[PDB]
Amino acid sequence: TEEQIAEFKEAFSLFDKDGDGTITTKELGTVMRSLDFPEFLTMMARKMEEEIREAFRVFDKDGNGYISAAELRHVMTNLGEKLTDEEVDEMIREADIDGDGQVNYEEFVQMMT
Amino acid sequence: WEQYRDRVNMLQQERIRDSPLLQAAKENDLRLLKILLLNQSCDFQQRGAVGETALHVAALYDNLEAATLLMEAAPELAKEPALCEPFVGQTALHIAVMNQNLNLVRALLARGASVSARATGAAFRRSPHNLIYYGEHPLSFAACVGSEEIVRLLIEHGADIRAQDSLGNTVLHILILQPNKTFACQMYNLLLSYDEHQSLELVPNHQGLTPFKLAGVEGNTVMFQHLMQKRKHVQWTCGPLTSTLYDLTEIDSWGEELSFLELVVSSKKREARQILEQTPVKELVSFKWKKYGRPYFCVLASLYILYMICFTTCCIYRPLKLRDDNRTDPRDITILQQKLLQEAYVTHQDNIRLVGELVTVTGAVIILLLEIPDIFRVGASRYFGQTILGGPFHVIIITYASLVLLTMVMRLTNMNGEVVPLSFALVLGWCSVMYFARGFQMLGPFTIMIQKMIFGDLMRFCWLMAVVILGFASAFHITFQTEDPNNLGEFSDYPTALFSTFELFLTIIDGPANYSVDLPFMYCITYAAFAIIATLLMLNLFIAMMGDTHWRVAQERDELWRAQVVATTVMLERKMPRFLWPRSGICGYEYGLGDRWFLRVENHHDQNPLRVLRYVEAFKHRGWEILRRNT
Amino acid sequence: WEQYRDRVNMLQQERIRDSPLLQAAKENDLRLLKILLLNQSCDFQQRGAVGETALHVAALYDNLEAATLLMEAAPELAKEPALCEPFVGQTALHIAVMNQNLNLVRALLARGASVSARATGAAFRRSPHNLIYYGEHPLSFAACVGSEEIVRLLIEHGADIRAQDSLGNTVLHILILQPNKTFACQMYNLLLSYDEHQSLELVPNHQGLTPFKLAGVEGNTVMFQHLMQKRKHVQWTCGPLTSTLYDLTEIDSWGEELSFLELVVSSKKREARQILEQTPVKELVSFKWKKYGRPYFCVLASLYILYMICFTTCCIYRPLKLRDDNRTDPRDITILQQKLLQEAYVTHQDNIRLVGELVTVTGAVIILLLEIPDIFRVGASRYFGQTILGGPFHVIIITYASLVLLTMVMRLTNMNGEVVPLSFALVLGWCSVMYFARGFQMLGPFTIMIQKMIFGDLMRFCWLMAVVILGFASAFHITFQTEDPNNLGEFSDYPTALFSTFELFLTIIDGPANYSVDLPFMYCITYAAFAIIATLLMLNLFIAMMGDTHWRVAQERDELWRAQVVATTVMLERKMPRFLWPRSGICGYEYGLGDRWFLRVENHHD
Ligand SMILES: [Ca+2]
Ligand SMILES: [Ca+2]
Ligand SMILES: [Ca+2]
């Protein structure tokens, strides 16, 4: 849930252009040509494992809901197997589907299953 | 300590075994509770050795029906706090919040227990003995539990936001002191909305810490950027790129003595070094470095090394004198002796050496006159603690300056043996140069790698080496006791035997042999045993143990090098005078914004369609296998 | 610069804050805007005070209704670019193209704003200060934003595809200079279809670069092979396999001065080394090196070795003489002397020594006559930095040739001290061979590994070495300046002391001691401290860091060597004459195709 609303937090920030905390039709209109947050949280609420949730929480160091490459390398060095840094980026290229340089819970669970 | 805690917990369990009223309240035996309530002559002010109500037990155990029967029996126990030594002010409202049952809180409020009850227990303390700290107030507990409707009812029935504790704990401060949650940050922004009014954010604690500075030294960067959200002001969008400006007012604190930035970089906690990477501060301090700090640092290094070579050429022409006496002895080698001080200054060249010496001693004293108030201000354990501060550099230069100040007086006393502290200062002056290796990108991470390394495993090697070479040197001195020294060498007595073995380990000296002269029996066996056990066994193993650790730390070293440069920057920018530096920022008073300085910055972003498509539509391989195995 | 840019941007925000007409425009307070439009005294020629217009403001803030209300009273501002200094040709058409509002663009064209109005501002420039480069004409903006219907409308209302820019750029060029999208390939094929017809691909830039060569130097390899697909000709399939062919006409450009291949291999951008992995050029360079280049390189290196050994044996038998004078001095051994030139040239042995010396100098002069005009063609700073081209190997050989020229002049003037430049040029000519060590497969990547490594962290070891030995050598000279030099040695004066410490740091010379005589008290402590701090401490760290660096660059050095061998190939095919180099290709004029060379290739599919 907390990583889930972390997805909608940055999403709402992507909708909110002026950053006033609302989404107007003009902000919605600029989206269509390219094709509140509790209001946005309530609206997306009707639209929507334990160990995996436990696995992600020890992995994401800052708890932003998004594992970076340096967090992964720090885990990979904590794993104890030697790897260079280029294939770690390929691991991000393997998992980051929408291309934000990040992985959420949903990109993580499609990788594990 | 915790043993006493377990003892008093066990005594609490003894007393809950004791009182059958209390034990039935624990067990919620409501028929027998009706029986005991039908008993009128029984006391209902029964209280454990720790000191409670039965309402406390039922609130611990969610026995709200018995709690209602107690409240018809004695409602005044709702207003009774605890009386124990770890639990000195604890009331049942706090247990009600920590067990978060709304209707039991409703029933406690039906009798009307005081919201402003202060439960300041000894277990209610930010301590490493304590597990989880939240502060005192019921507002703090309702905030950290995340239940709005409870703290809704609290705001409805009093429960003022402006409240402090010991160490100045306000609700914002303990919202910072938390395993970081945007879940909790919604409650933070919620309570900020329930701020209905001077500015509440401007409160310091007993330590004098604003929650801005508390979050900065804590480095909860999600909370930090949410704190930064209202600090923004956008200016314009332009297709795929957008400009904005930040307010750098609270981030500078130049008017204060305690700067925000030094408060960040001086911390015991590690992850505060991550908050250097924030999008307001990073380019700011980088700009302030690359305009200012690098030329001043380079020219200071140049003047310093010029001082050091002038000191060196002062150290060259020490005044000597012919040794008058006779050695009268083989194995006796001297030529010179110390020239007297009145005998010293006799030539024009003596005047040259004297005026060279004066520069060295005045540099030595002005280093002291720089560094002294640094020690009085900051804690020396902190000052000598971090490599980020460059602690041992300060240690070795202050010992350098102390030794040269000593040996000038030792010259003035005409005391012999000045060559030893002279050479001490001489070898320390060139070890002093490594502080300036930080300034180069091509050189900086290397020296903090080696500084990390020398603490690491050198000591581990040293003790083992010392004991094995102690035993082995004694072993060779005993067998070399029986043979003439004029053909063996190195083994007259046990100190030269020890130091000879110390040379002999590192292969610096070739092994001793005379191919004419005969040789004792067991020396072959022992020497070969030493050769296999020492010259390649742990010496070569030290290489691989070195290499693995270097490989592991080589990730972190670059982060640490990026960290240390801004500490150097803020140090020199605190200590240098203001005449060289206009204060950075954007004078909005010129632009009618008024007395607040800003920073404009833009960015070009990508436009990934896939992140937009599903949300607007709703609006309508080696490491991967092992990671699966680790789960 | 950037600071000036942000300052004038903030001043622009001040001026947009100033006038309430423009402020209500950017706020879109259309009730008050009706009052302002009802006001006759409200001047509508009022422009933005730092070089913009009100329609530019409404285009920025997308307030198209306010723009419509503006266009009746002043439609002429729709045709007006304003006079800001970085923004000198900018019209609202560019902003409307950028923000993809087709109704706004259509309303601007309803007023008839000229598409051929071109915008070349100071910020409108390829710059490291500029974050985004999008070209000059509005067609470039429509292309890079990728709006199909807008650029369709521009075609419908003008907007010539042949568009010439500052720096000679065209739409193709800015499509190449782009962060890559598959959508850009579709836009490219679209405008290629909407081209009517010489051909438009034939035009170069102002620098003289075709978009084929621009795509080659920039390595957008999807766009590259997709552009190759139009020239791809398949011949026949059968079973699992497929025979096809390529027209290698534009890829050679042997008739041109600057070939495609020397253009690609000489570039400061890295990713272009990837583009040689495309199939036809890979087969071409493989065939071309395998047929000729390796034997020519072997025989050239063999003749160079044969030159060097004759130079060496020339350097052996220098003419010498007994020392004439008496030394009158212990610690003085100098028994030899130079000969005179009249004294030298006396024997048949001197005659054969002289003809060997003649061989050396006539091999010396041809190096200059070979490579000196090559240096003027390219930038010398560009020439020396390219390790693929062997610039640092060119550094050694010119100094070699200069010194071997100089030493004969030193001889002919009867000047002494020729042994020192001879000693220099000797070891320089011997280390010169590592350029020719490239050609073997087993030998190849190793030398560019060590060439990377000597620039890599050797200085990091060296500077620390210098300062630590500058400490300890002075310490040792102070602690040995009192006693008999006849027994101690190495520490008479400071310059022999520092060199002694340099010899004894590296463990080459054993530690100094005499166990007959006595030794001072401090030196034990100081020397032990030096031994622990220097010998085993960070020498081992050099080993560990060395191993980690080799471990990381172990992937990349082979990728470098593959480019290095074809760089060598195109160099040697440049400088050798053409009768040794027949045409690689298939003369289709034999087969009635006419004046073109092709390449047939096949495989089965996977
Ligand atoms: Ca909005
Ligand atoms: Ca993260
Ligand atoms: Ca992602």
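Going by Swiss-Prot, the residues shown for chain C are 29-225, 230-638, listed in order.
So how was this one determined? The header says electron microscopy, 4.4 Å.
Cβ atoms here come from the backbone N, Cα and C positions, even for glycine.
Taken verbatim from Swiss-Prot:
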type	residues	note
BINDING	C:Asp542	Ca(2+) binding site
CARBOHYD	C:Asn358	N-linked glycosylation site
INTRAMEM	C:524-544	intramembrane segment
REGION	C:598-602	region 'Interaction with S100A10'
REPEAT	C:44-74	repeat 'ANK 1'
REPEAT	C:116-145	repeat 'ANK 3'
REPEAT	C:162-191	repeat 'ANK 4'
TOPO_DOM	C:349-385	topological domain 'Extracellular'
TOPO_DOM	C:443-448	topological domain 'Extracellular'
TRANSMEM	C:328-348	transmembrane segment
TRANSMEM	C:386-408	transmembrane segment
TRANSMEM	C:420-442	transmembrane segment
TRANSMEM	C:449-469	transmembrane segment
TRANSMEM	C:493-513	transmembrane segment
TRANSMEM	C:557-577	transmembrane segment
- Message: At a threshold of under 8 Å on Cβ distances, which of C:420-442, C:449-469, C:493-513, C:557-577 pairs most often with the transmembrane segment (C:328-348)?
- Response: C:449-469
- Message: Check the DSSP secondary structure of C:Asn358 (N-linked glycosylation site), expressed as helix, strand or coil.
- Response: coil
- Same-chain residues near the repeat 'ANK 4' (C:162-191), Cβ under 8 Å, at least 6 residues beyond its ends: 121-122, 125-126, 128, 130, 133-134, 137, 142-148, 152, 197-199, 201-203, 206, 209, 211-212, 215, 218-219, 222-223, 232, 235
- For the repeat 'ANK 3' (C:116-145), residues assigned helix / strand / coil by DSSP: 17 helix, 0 strand, 13 coil
- Item | Collapsed DSSP category at C:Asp542 (Ca(2+) binding site) | coil
- With a Cβ cut-off under 8 Å, give me the same-chain residues at least six positions beyond the ends of the topological domain 'Extracellular' (C:443-448) that come close to it. 370, 372-373
- DSSP-assigned states of the repeat 'ANK 1' (C:44-74) in counts, ordered helix, strand, coil: 20 helix, 0 strand, 11 coil
- In DSSP terms, the repeat 'ANK 4' (C:162-191) comprises 17 helix, 0 strand, 13 coil
- Contacting positions for the topological domain 'Extracellular' (C:349-385) when only residues 6+ beyond its ends and CB under 8 Å are counted: 443-444, 446, 448
- With DSSP, how much of the topological domain 'Extracellular' (C:443-448) is helix, how much strand and how much coil, in residues? 2 helix, 0 strand, 4 coil
- Reduced to three DSSP states, the topological domain 'Extracellular' (C:349-385) has 10 helix, 4 strand, 23 coil
